[PDB]
Amino acid sequence: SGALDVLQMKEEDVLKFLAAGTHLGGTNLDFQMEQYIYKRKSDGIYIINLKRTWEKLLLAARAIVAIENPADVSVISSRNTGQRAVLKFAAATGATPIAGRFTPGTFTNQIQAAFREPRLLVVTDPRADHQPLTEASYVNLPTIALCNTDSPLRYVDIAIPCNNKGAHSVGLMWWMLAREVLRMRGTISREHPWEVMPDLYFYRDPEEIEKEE
Amino acid sequence: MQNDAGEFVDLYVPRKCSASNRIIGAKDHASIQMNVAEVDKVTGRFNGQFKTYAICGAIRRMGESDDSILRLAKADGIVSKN
Amino acid sequence: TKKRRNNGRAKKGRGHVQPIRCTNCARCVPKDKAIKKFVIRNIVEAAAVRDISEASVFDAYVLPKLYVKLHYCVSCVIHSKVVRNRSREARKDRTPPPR
Amino acid sequence: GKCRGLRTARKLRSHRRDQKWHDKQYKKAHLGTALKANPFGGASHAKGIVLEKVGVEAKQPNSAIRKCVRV
Amino acid sequence: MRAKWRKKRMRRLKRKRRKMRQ
Amino acid sequence: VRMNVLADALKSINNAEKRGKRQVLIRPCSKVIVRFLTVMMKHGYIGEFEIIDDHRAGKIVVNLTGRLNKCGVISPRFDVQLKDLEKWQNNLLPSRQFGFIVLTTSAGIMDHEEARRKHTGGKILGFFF
Amino acid sequence: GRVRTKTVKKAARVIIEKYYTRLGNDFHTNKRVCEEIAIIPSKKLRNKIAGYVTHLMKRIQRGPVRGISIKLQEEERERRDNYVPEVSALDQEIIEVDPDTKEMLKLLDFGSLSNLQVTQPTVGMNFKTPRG
Amino acid sequence: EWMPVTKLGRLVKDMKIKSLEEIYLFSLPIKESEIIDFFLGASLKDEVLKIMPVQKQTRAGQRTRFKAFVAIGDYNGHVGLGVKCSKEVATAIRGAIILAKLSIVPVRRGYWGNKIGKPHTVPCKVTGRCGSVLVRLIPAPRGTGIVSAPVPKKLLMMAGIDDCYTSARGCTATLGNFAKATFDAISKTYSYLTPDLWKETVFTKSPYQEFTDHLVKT
Amino acid sequence: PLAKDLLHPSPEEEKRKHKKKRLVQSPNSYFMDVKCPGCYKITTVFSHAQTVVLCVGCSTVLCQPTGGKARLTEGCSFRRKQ
RNA sequence: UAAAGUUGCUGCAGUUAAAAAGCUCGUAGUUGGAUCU
RNA sequence: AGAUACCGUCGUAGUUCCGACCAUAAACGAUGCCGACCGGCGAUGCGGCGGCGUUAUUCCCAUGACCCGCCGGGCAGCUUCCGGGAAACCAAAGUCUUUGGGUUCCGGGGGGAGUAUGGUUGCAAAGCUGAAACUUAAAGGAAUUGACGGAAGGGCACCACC
């Protein structure tokens with residue numbers, strides 16, 4: 001936030017985070033994720049410090065904004081939980097999405113069909129998205145990740161401490177990232193809530209898709 | 001860098017990791033140079049300025065690039081104190 | 001070259017382990033290096049369950065079981081196919097097969 | 001490891017002197033058995049009397065008669 | 001030849017020499 | 001048991017600097033360690049350090065600035081004359097452009113250039129570059 | 001064995017990737033359009049590619065096909081993903097929050113929020129699965 | 001004609017990257033040998049260090065491939081080493097030349113003593129290692145020449161080192177490991193942090209950031 | 001991780017360490033003033049006492065030695081000093 | 001003699017290539033924590 | 001085929017104990033001891049410290065059995081581009097040409113050969129110490145691809161079977 005009242009945390013943001021359960025980590029704690037937790041609960045669940053989450057989200061948004069060609073940022077999601085969120089983020093901010101399987105050699109094999117050379121990489125989970133993470137170490141590609149308590153931080157340059165297992169949490173995290181990137185760029189404004197709401201970024205089961213119509 | 005006559009004789013001056021102050025080699029393809037955008041004090045928008053941080057491949061490999069970039073941003077006013 | 005980190009036995013932190021005789025050949029093998037199976041068997045085979053149950057003098061006798069611990073040397077355990085050779089990477093897996 | 005003390009010169013020198021005897025060439029040169037066993041007795045050349053002409057078979061991979069002389 | 005059997009052979013040779021060399 | 005506390009301190013500084021750490025803890029502290037550290041710091045190789053005073057034998061927290069390639073000890077402390085200094089420099093230092101050999105001389109603990117300036121010899125403590 | 005080889009499958013994949021709108025609904029239309037815009041040497045091969053075109057298009061009505069990168073499929077996916085209710089799932093009146101996360105909020109200058117509700121902590125610390 | 005496949009290649013072809021040192025400064029991978037052909041293609045000299053036949057036994061006889069070790073480099077601070085294995089010797093040599101061009105690294109040169117004139121030797125003692133072969137390079141006085149074995153001498157001369165002392169340990173008979181170890185020792189010259197490289201580094205816009213819109217319109 | 005630093009508090013990371021391994025070593029024990037309800041005077045007892053101490057005016061077992069911290073009898077009110 | 005860092009003080013090795021005593025104790029030898037302007 | 005062996009039936013010394021001897025093992029972690037430093041994680045054994053809650057002492061506290069942690073030694077394990085190594089692999093077999101913390105034993109191509117001889121110890125068997133002449137261009141280590149296996153697991157053809 002930079003100790004800026006314009007960039008500080010709002011009550012609506014905290015309420016959304018609590019409703020989505022973003023503060024809820026796992027029973028395991030990666031030693032490089034210690035500074036981002038608050039305390040362990042009596043049932044073993046680690047609580048993620050939401051102020052630190054906001055700080056890291058704003059730092060990631062600043063890193064994304066400082067790339068003039070938006071298509072030079074790649075947003076990855078191998079898991080089905082974050083594919084919809086990544087597609088919506090790419091549509092909103094102009095980034096390039098890789099939803100689904102990330103074929104190896106996409107960053108390293110210049111002969112390949114889907115070969116692309118991003119300037120920044122954002123992944124939904126270091127564990128699930130370990131392949132783009134490892135490939136980023138071959139082409140000088142910095143990485144932004146949504147990291148749970150037990151996520152490994154290797155090849156992750158900006159880790160956003162959050163629950164990345166729940167569909168609500170992942171969707172909301174991507175939604176906040178898109179909102180903050182747009183706000184920092186110049187599009188939209190902080191004087192009014194954003195028109196999009198996080199439920200559009202969420203992943204929904206096909207049974208729920210059928211039921212809700 | 002220099003000789004007795006005073007001119008600079010190196011081919012180039014390689015960068016140093018902003019966290020470890022070690023030379024980043026010519027073939028350190030895991031090293032990154034990340035620019036973090038500066039934000040205008042009153043409106044919170046990108047003002048065209050940024051602060052650069054070069055992190056070597058070793059630091060990224062040991063998982064310490066995240067904490068090092070956090071430390072640099074905190075010492076640079078980007079990340080709020082406390 | 002060393003094939004296994006534990007040398008194919010569980011002897012860590014002691015010098016000597018008492019031997020036992022293989023049930024198949026009467027070979028002396030250390031108790032930690034011996035390959036141990038604990039069989040629980042119905043004393044009446046599946047085909048003979050009906051006949052004995054019908055011929056019982058009681059109602060719902062629930063037939064007794066048989067608890068036999070077998071200790072095998074490596075050669076007899078390999079020939080009997082209790083254990084088998086594995087790939088260099090699958091060797092390290094100590095997880096028992098599903099049952 | 002090896003000793004590194006300012007007063008270990010006797011230890012180092014003595015250990016080197018004992019360990020030099022496990023050098024095959026050093027032992028051959030300094031034991032005196034090889035010089036005794038050498039028919040030339042330390043000479044580069046020697047004069048002799050030819051006793052007979054002997055034909056020596058070349059070793060197995062090759063095949064020839066090496067024409068030698070007993071002297 | 002197995003090393004221990006060669007060792008046994010050498011032991012037997014030494015014993016025979018000790019017997020013969022009175 | 002531990003001899004040569006300076007060897008332990010130098011190995012600790014070396015191991016910490018190779019891991020890219022910002023500070024290193026050294027225990028026990030000693031006058032020779034403090035003088036060697038001061039020589040290292042006057043040439044810009046370590047940075048500031050704090051002497052924690054416990055009533056038995058102090059500790060030192062040394063701030064590391066990653067300009068150090070190798071700090072090492074030379075055991076035993078061979079007596080070094082001004083003639084042998086060039087041979088020791090050739091053996092130990094990576095270049096004639098940089099790197100220092102630290103000696104303890106009757107004029108104090110100093111690098112090899114300062115020992116040549118005062119025209120003195122002494123005993124080699126170690127080296128850093 | 002009626003497995004269709006990579007020639008048939010890949011040619012049909014390229015055709016549906018390329019001339020997705022040009023296709024028909026009946027197999028006999030499919031073979032005619034395939035023979036119009038493809039150098040297929042023989043009748044049997046063009047029949048086989050046409051048949052797999054029909055089967056692939058049948059697979060299209062229910063979802064995407066892995067090897068196909070048509071723009072219309074992306075448009076369909078992005079329209080299907082453009083669903084939003086009138087009420088956000090995160091818009092709820094009562095949020096159950098444990099005391100520890102309440103203390104986290106309070107140290108975060110958010111202890112004055114009245115949207116949360118006290119959920120009592122667990123009776124015990126029995127969360128590990130039994131060992132062995 | 002050269003049709004660049006990478007962003008770096010496109011930036012180089014359009015005269016946006018003024019030197020090869022701008023690529024080395026940001027440590028960008030060079031995936032196109034035409035970049036090196038552009039920047040140094042008039043002064044590079046390639047030498048086939050060796051052709052080595054390697055045999056893989058099969059159901060009937062040994063399948064033989066030939067591995068070309070090729071050293072390349074202009075004699076003014078750039079050198080590369082490339083190894084390529086192929087069925088035919090000619091294509092192995094072609095691929096090895098390509099790979100040596102791709103692996104060209106800068107060479108830092110220094111002074112043994114007084115700093116009059118251009119640098120002539122290695123800035124300091126540097127050791128390189130490859131598969132039990134250790135090659136140590138030591139600064140030497142001006143006019144000494146390369147005091148080394150022929151294999152490291154070739155690479156050191158190609159790198160613009162005029163005088164240097166050499167030590168070698170291990171199975172240097174294996175020419176590939178010897179060459180790779182001396183190449184590693186040469187490439188470690190610019191990775192060594194000497195006190196003249198203590199000045200704080202002034203960060204510059206990377207080529208991808210500086211000429212972004214050029215690539216966007218493409 | 002940035003030892004002896006006030007910016008990141010570590011009372012909790014220092015009293016967690018081994019007593020000898022702390023920055024400055026300090027005992028984990030204490031002396032305690034004990035009142036016995038039947039008695040009328042202070043008794044200063046070591047926390048890790050190895051002696052079965054009795055009241056200075058009576059014959060009541062104040063505490064018993066254990067493997068570590070001594071076990072006090074019921075009703076005796078004990079308060080640490082300093 | 002150098003090459004031989006294949007006698008290694010500089011400067012070698014000792015899991016599997018040659019090699020750490022079966023294991024402890026122990027005199028000589030060697031080596032020894034902080035601290036005094 | 002032969003068996004002098006494997007397999008079977010017997011069976012002496014021995015295997016057991018007491019008192020003297022012997023001092024050797026793939027006596028192995030094929031890895032000397034002491035000290036410092038350099039990742040992560042979950043367990044486990046002992047001791048201590050702290051703490052919701054559950055049980056037994058059929059009553060207060062305490063004390064046991066659990067549960068959640070912390071600290072110290074210990075046997076280990078998993079993981080890791082710490083680093084090393086010829087590699088196998090090793091958080092030591094790391095902190096090594098950027099080579100020096102202290103110290104003991106010990107190796108120097110393969111055989112001859114742990115042999116001869118001398119000394120010494122032992123009742124003996126043998127143990128410790130321990131060559132040379134001579135012979136030889138390799139012997140050896142790790143890993144790779146094949147071939148083969150009286151190794152295991154699969155698949156296929158009515159030139160296989162049912």
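Order of the sequence lines sets the chain letters (A, B, ...), proteins ahead of strands, with each chain counted from 1. Heavy atoms only: backbone and side chains are in, while hydrogens, waters and symmetry mates are out.
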| message | Give me each pair satisfying salt bridge (charged side-chain N to carboxylate O under 4.0 Å, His left out) with a member in residues 86-102 of chain F, each pair once, sequence neighbours excluded. | response |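 Output for this query lists F:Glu86-F:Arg96, F:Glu86-F:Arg116.
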Touch check for [X], heavy atoms < 4.0 angstrom, all strands: base, sugar-phosphate only, or nothing?
{"X": "H:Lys56", "result": "sugar-phosphate"}
{"X": "B:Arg61", "result": "base"}
{"X": "F:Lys21", "result": "sugar-phosphate"}
{"X": "F:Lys59", "result": "nothing"}
{"X": "F:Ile13", "result": "nothing"}

What residues, two or more places apart in sequence or in another chain, satisfy side-chain hydrogen bond (donor to acceptor under 3.5 Å, both in side chains) together with [X]?
{"X": "H:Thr58", "answer": "none"}
{"X": "A:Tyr155", "answer": "B:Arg61"}
{"X": "H:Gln57", "answer": "none"}

| remark: By nearest-nucleotide position on RNA chain K, the 5'-leaning member of F:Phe78 and H:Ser167 is H:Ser167
| What pairs with A:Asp150 under salt bridge (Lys or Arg N to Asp or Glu O under 4.0 Å), at least two apart in sequence or on another chain? | none
| query | Which residues pass the salt bridge (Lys or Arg N to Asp or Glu O under 4.0 Å) test with F:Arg2, sequence neighbours left out? | reply |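 For F:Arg2 the salt bridge (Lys or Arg N to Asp or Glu O under 4.0 Å) partners, ignoring immediate neighbours, are F:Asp8.
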| request: With sequence neighbours left out, write down each residue that passes side chain to side chain contact (heavy atoms under 4.5 Å, CB included) with D:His22, or none if nothing qualifies. | output: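 D:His22: side chain to side chain contact (heavy atoms under 4.5 Å, CB included) contacts with D:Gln19.
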| task | Please identify each residue that fulfils side chain to side chain contact (heavy atoms under 4.5 Å, CB included) with B:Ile23, with sequence neighbours left out. | result |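 For B:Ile23, the residues satisfying side chain to side chain contact (heavy atoms under 4.5 Å, CB included) (neighbours in sequence not counted) are B:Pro14, B:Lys16, H:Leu193, H:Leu197.
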| note | Reading nucleotides 27-37 of chain J from 5' to 3' and marking B where a protein heavy atom lies under 4.0 Å of the base, S where only the sugar-phosphate is that close, and - otherwise, the string is ---SBSSSSS-
| Going 5' to 3' along nucleotides 106-125 of chain K, which nucleotides have protein heavy atoms under 4.0 Å from the base (write B), which only from the sugar-phosphate (write S), and which from neither (write -)? | BSBB--SSSSSS-------S
| task | Find the runs of at least 3 consecutive base pairs, i with j, i+1 with j-1 and so on, that include RNA chain J, using Watson-Crick or G-U wobble geometry with both distances under 3.5 Å. | result |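 Nothing qualifies as a stem here.
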| request: Please list all pairs passing the side-chain hydrogen bond (donor to acceptor under 3.5 Å, both in side chains) test where one or both residues lie in residues 9-32 of chain F, with sequence neighbours left out. | output: F:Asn14-F:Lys70, F:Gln23-F:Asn63
| field | Separation between the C1' atoms of K:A131 and K:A113, rounded to whole Å | value |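 Comparing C1' positions in K:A131 and K:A113 gives a spacing of 10 Å.
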| said: Syn if the chi torsion is within 90° of 0, anti otherwise; quick check, which is K:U97? | reply: syn
